[PDB]
């Protein structure tokens, strides 16, 4: 399903790239994106796949598109456009100034200082999951840690009974990874999850208004937007985005770095010997394993990167192409915990820059600490290979790990 080349796209910028099926995906998500970014590739290219869209191809251009809501709007942030148009969320769809009060509400539950207080609960999630299989000498990391860890953290931050994990996990799967052989069946799957989650938190929102708790739900529902308490449905959208933001990004991120560490025993030893360098190299991991490739909509007609972009045009942002850009970071493939200038867009940029980034950093550091306390050496099961997918959030599964 290819679209005709528009008059604003120069023929010499056309690349046949399908963001949902990159060539060579089966050798690695990051590898597949990097093989797109050949030497001398224009800053902005264009593909007829996925409705037809531009693609930012380096760190400089990814950074720039993220930073400027005036020129590149969040009105549509994913591809294809007709799906992204149809599936907006609060406040990822807003530009400033509308966005601002909603981000302020988000920041109440996610700021650096608030996240510090939550470390004990996160650590306890990490240690319990790990304690399940540490004695076994083997596990599927994706299935037995990565897929479970985020939902458990959410329960703790949102103050929700742990026995609701099964129903919330079901809704999570449907909301983050819809299935369907028609876009209609896919639409059904998404609705199941979105409305199911809505029904689930609805009585908790109501019970928590005027409440004294410092969980995520009470913090969102008692936020003020423009001088008055946040609308019921807006608080619902926030709480939903809080579940979502912290799920698929982390599930997959965790596996990508555990895979690499399985295959790099000498880095594992390094981190084991130096827990200050462990703690301080979360940032290097974020650079090396980006997972998001969402989009911006061109907000108005304009010249950019030597082309004329039309209002309504879409620009795909492969965050892999900033972290792994050797113009941005010399020798980018090396996971280097002493790296001096760690340049990346793994959490976006501009006003929407991941509100969850302090939590992300803490989840990663704590996972790595708890893991190494119990499993100081490990590797990838012989004869096995991960399975990769490309899309809005990179997917990896099948991560059999083994240890003495």
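Residue numbers count along the first chain shown, from 1.
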| request: Could you settle it for me: does 216-224 or 80-88 have the higher average Cα B factor in the PDB entry? | output: 80-88
| note | For 131-139 versus 251-259, entry-based mean Cα B-factors point to 131-139
| Based on what the PDB entry reports, which of 185, 294, 283, 331 has the top C-alpha B-factor? | 185
| said: Maximum C-alpha temperature factor per the entry, among 101, 180, 246, 290, belongs to which one? | reply: 180
| remark: For residue 172, the third of its chain by CA B-factor is the middle
| query | Against its chain's modelled residues, does residue 113's Cα B factor rank lowest, middle or highest third? | reply | middle
| request: For residue 93, return the chain-relative third of its C-alpha B-factor as stated in the PDB record: lowest, middle or highest. | output: middle
| request: Would you mind checking where the Cα B-factor of residue 322 ranks among the modelled residues of its chain, as the lowest, middle or highest third? | output: lowest
| field | Entry-reported Cα temperature factor of residue 315, expressed as the chain third it lands in | value | lowest
